[PDB]
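Data first, discussion second: the structure below is written as structure tokens.
Positions of Cβ are generated from backbone atoms using ideal geometry, with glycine treated the same way; all protein chains shown enter the neighbour counts. We did not get these values from a lab; they are worked out from the coordinates using the rules stated.
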Ligand SMILES: *[C@@]1(O)O[C@H](CO)[C@@H](O)[C@H](O)[C@H]1NC(C)=O
Ligand SMILES: [Ca+2]
Ligand SMILES: [Ca+2]
Ligand SMILES: [Zn+2]
Ligand SMILES: [Zn+2]
């Protein structure tokens, strides 16, 4: 039914509303709760997943609809984060050391990135506009950037010596690199354990929320210094026991689901707008 | 029809000119008309009413002539004429209410009541008097196929309409583009919006357009144009197109850039105005085409630059609007307006006597439903009923 | 000029009173006028048109008199008179369009076309009939130097103007003070603002003032005054004075304190009104002086007190405004208004026949440019052309 | 106008009845008409032409009467009358070409040329003869507001239109659904297609619909309906909607299932026909609504079953079409058709004398542009010019 074309939509400003339809969303869709692997250590139970899923039945979700996964830390969750089910929300502890790496994970999963491959040996590289970033993840990434000129000579670097290159990353599981836009560069990714990837952001992701368990509330999801917005789906709650953290999520499903939406890529109507 | 106006004209003048103490030469030609009414009307008999709750009355005329021999009129001459005028003015009320209530679909311009069909004989044509009112002059010019014209003050030419159009949308409803409008009475308020404020548009300019077709051709209009839509200026929540969800609209307002208003007639540009506000004219048109565009300001103070970022969260949405208003125009078909009460006299008769819905007019005489589908079968009925309502307004307010 | 109105008055009455079947005594004095038109006009010959695309036509009058011997008029008598009226009513259209299109700068009150100069002889003065219209009565009273007056409904006395004034400013544009206004048609909306909300003013009161001078003296006006400017109530971004940068204006609105409206005439206070809203009168004035002030509220709930701090970041700016509107007034010179269409008939003739720009009127008959510099040379031309447009509206709508 | 037909009627009869050797009693009443033409026309003088390359000619009438004293007409009587007829028949050609070439926008039904305005006096009304033609009879019935009617053979009621509509599409263009049509002259050929042949439709049935609104109301039409569109039956390549790419259409043709043709008038169903082909009637309508559907055949031989698989590569596309054709109908406004040449006489005069584009008619008298926007201002001009073209066709073919 006319998948590729864009067509305008008209509609009157005097039309009666539909029904409530928040219930029917709970009957059909799925839910994924994520937690660090030390949360289940304090719980001291092998049936607490059974215990929680009895409590989700009260708020309308059926039995086989809520899925639970684990991770060790945000350093090892971020080597490959992939979100599978319809709605989900992630839970992370506050670390005063991991300032930037909490903002990297909240950049990677809360937005949507269109990505192209790269070849360090063969070509020379540059960023076109403000939406172009170099997302690189793996076991151990170390990136050195040698900027060139209009004659392809080095500026501050020797284009043969790899020691005179200029380092932006050291042994990280994930890197998002912003360099100056419009200058050809020469690259030194250790590609045996890393994988650099020319990416490009579209509009953000609508089905994931982030619960920052404890600490202050700072997350630079954007790239500029001049702004740093705190959107609807990033939030913060304090803790002493991981039981109380889980009871608050189960009690207030109807508000957390309200703040997020379905992934607009996942629909039928995006059939040639990058996701069938 | 022509003799129904001629009965009401010389009953209006008979209550005005035949007063006590006046000189006889002031009324020497009215009495020759009023006596010649009576001679034609005697011996006949009529019957009005019968539809709805309108009661059936029988009329019978047996009166005597007026005296033509005084120098100054006295109180005997006035009081013997008032009890003749008061019987005729009760007869004309019940013929005019009998005709405003009936309608036909084949030929609506013909008389429909039983009494007005009987008055259209050549026996009754000698009652004919001058035809100087606006609606009876346009009744006669249009009956010979000559060009007519009605002058209106703020004519109800637009049906009620309040809607929108989204040229760019997604289910999150946070990056939108399109127009909103209100068309009601004789006023158009259109407003175009863009949430990104043309950050990725070519040359940072977003083009808008809104085209309003009319139902009848207007002539020599006086139009006021002002560069703000004051109705689409405040934060509001709006439902979706199919009534599923709701979406939020928080405007800030720039000025409209590069405004062009065009006045079309069969696709031909009659008039055009480019960045010219205030009062304008429009000599002949039947389609109004508004065009205006949003331009991102190239220089911004630090208080402005925080409002429009490059990234996705747009909390302050840009808005550009116009406002058009027709003050007075000349049409050729009958309409409703803000000065005269001919539409209010027709509906008040039908509502009072509980009249069933007929084949032509909308239920309840809804003007929004009547100007939407304004067929030539409804135009002939609407002129026939507004003209009878104009005759009744001379005698009975 | 007086005989051009007298031709149109008895052609309007000839189509209204000479109908089929009417009594002869109803039209016994019109036929003596209509026969005496024809006797004066026979043997003469005229010529109209020639400027722009207005074509050249030649006129020649050789007609016969009407019969004065019937008792009731029949269809022979009507149809032999309609083919005489239809030649005269075509002649008057082409004389009125020949005069609305021409103009002079030395003495604009004199006739300019070739046909209207020829009708101003004493041979043609016997066609003169009654002068009962509004514009032909004020043409004669003003020609003898007696006091005249035109009655208007919402007169276009204000030229279009939308601007501002900053009494306190800096290049950051974050602590401002001044007024904003819109003057358009017959409506004034002024609004004064202060970003600090009088935190450092003496006695926490900031005084505003806005003075509007008129072009002509109005008499016995009916004025509606309401204590809010609804146009300057929403957040907007405004350019600077020289178009360099833009600045942001986010209002919250208090009530206007200590309102005084004054109505001046040669610097003398004729009327004054102090904190009195609704409908007011103004008997004689030519300058409106609005005065109102902002007062910081001394007691504030905790929801209000967060809006107005002591320090520099002011995110909610205080705003005080008024709204004035003239409903109806009596002037002495001609103007435009919202009820009658005399301005629309003049511009529609000039636009249709592609008339070049002359020495007096603005290009395109722009009313904003014409009321701005409303010289006495333009006043004599504008009255001469609105009066001819009023004569043409009796015959041809 | 009525006397221009009356000049041409008795010049046509004068060349036919005044022959050599005929008896005098055969022409005894024509000569009394022809002598009474001459008496009215003597002493007058006329002037035609002036617009475009149409030359200016002056006309002057000073002729003598015909003899009324023979028993059988001889060659002296014929040859002295032929040199009078040949001057009048040259005069009527140049008045008819002067009127077909001019137009107005205010009141187009009035005469526009200088000669036809002069013939509309009561001096020239005694030339009036019988009015028996079709266009002069409908000129008089419509001038009194009575019901008229023109009878046409294949009327050009549809403007030219050839387009399509895709109800299901993708950029590969290999699984499509929608309709195609040609509306031209008096013929509609619509064809609906579906590439999947309803393999996933509910109950294997795909519904199509095509609605054609008319410009004027037709009456008592004779319509031929045949169940195949022969124009959309062969393989072709078609461009996209915006002219970007091209797409391929390879049809095989099933029969149309469940055909319903409806004939609407103000949204009311006047006539309906369900699976009835051949000749049908339509008494009163202004909107044709075709409805037909595709049904997948439930039983298929092995030669058919290979054509329609379940998977994606569809090399043979299903197609269902209809064909409608109006043979003859009765309208009330003038149109063009396939029998008479009144449109061809109007355009041939304007093309020959290099006439500039006026305010009403399209450039070049384009009939597709004229029936698309067929305003009431164009209807009054088009009837006035087709009627003059009908008068000229009696004398000069
Ligand atoms: C819902 O049941 O009721 C609505 C009106 O009360 C109606 O508009 C809508 O169709 C219904 N929706 C469903 C399927 O629940
Ligand atoms: Ca270096
Ligand atoms: Ca960059
Ligand atoms: Zn008003
Ligand atoms: Zn044929």
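Quick notes on this structure:
- Helical runs assigned H by DSSP (4 residues or longer) give chain B a calculated mean residue ellipticity at 222 nm of -8500 deg cm²/dmol, each run adding -39500 (n - 2.57) before division by the residue total.
- Across every pair of non-identical alpha carbons in the stretch B:78-165, the mean reciprocal distance, once inverted, gives a Kirkwood radius of 17.1 Å.
- Counting every pair of alpha carbons in chain D, the share spaced more than 35 Å apart comes to 47 percent.
- Cα long-axis angle, helix A:99-108 against chain A (0 to 90 degrees, to the nearest 10): 70
- Under the simplified labelling scheme, the residue C:53-residue D:236 pair shows an inter-label distance of 4.1 nm, with each label point 7 Å from Cα along Cα→Cβ.
- Volume of the convex hull of the stretch B:1-121 (Cα atoms only), normalised per residue: 108 Å³.
- Helix axis angle, C:342-352 relative to chain C longest principal axis, alpha carbon, degrees: 70
- Counting other Cβ atoms within 10 Å as a rough exposure proxy, the listed residues D:301, B:368 run D:301, B:368 from fewest neighbours to most.
- The spread of Cα positions in the stretch B:130-254, taken along each principal axis and listed from longest to shortest, comes to 69, 36, 24 Å.
- Acute angle (nearest 10 degrees) that the helix B:30-41 long axis makes with the longest principal axis of chain B, alpha-carbon atoms: 80
- For residue C:144, the point set 7 Å out from Cα toward Cβ sits 3.8, 5.3 nm from its twins in the other copies, listed from shortest up.
- Label separation (residue D:219 vs residue B:396): 3.7 nm, computed from points 7 Å beyond Cα along the C-beta direction.
- Calculated FRET value between residue A:132 and residue A:192, using beta carbons and R₀ = 30 Å, to 0.05: 0.75
- Rounded, prolate or oblate (a/c below 1.5 giving rounded, otherwise prolate when a/b exceeds b/c) for the stretch A:121-162 by Cα gyration tensor: oblate
- Other-copy label distances relative to residue C:105, 7 angstrom Cα-Cβ extension, nm: 3.1, 6.7
- Orientation-averaged projection of the protein assembly as shown equals 79.2 nm² [convex hull of Cα atoms, one quarter of hull surface area].
- Relative contact order computed over chain A (Cα-Cα under 8 Å; 6+ residues apart), in percent: 21
- Its relative contact order, with pairs defined as Cα atoms under 8 Å and 6+ residues apart, puts the stretch A:210-276 at 25 percent.
- Shielding by partners for peptide D:119-125, expressed as the average number of C-beta atoms from other protein chains within 10 Å of each residue's C-beta, is 3.
- When C:294, A:105 are arranged by Cβ crowding within 10 Å, least crowded first, meaning fewest neighbours, the order is A:105, C:294.
- Note on residue B:25/residue C:301: beta-carbon distance plugged into 1/(1 + (r/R0)^6) with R0 of 60 Å gives a FRET efficiency of 0.15.
- Over chain B, relative contact order from alpha-carbon pairs under 8 Å, at least 6 apart, %: 22
- P(r), alpha carbons of the stretch B:275-375 - 5 Å bins starting at zero, rounded %: 2, 7, 13, 13, 10, 10, 9, 8, 8, 8, 6, 4, 2, 0
- Kirkwood-based Rg to Rh ratio, the stretch A:191-276, C-alpha trace: 1.05
- Ordered by the number of other Cβ atoms lying within 10 Å of each residue's own Cβ, fewest first, D:118, B:125, B:9 fall into the sequence D:118, B:125, B:9.
- Calculated [θ] (222 nm, deg cm²/dmol) that DSSP helices of n ≥ 4 give over chain A, each run adding -39,500 (n - 2.57): -4500 deg cm²/dmol
- A label point on residue D:172, set 7 Å along the Cα-to-Cβ line, lies at 3.0, 6.2 nm from each of its counterparts in the other copies, closest listed first.
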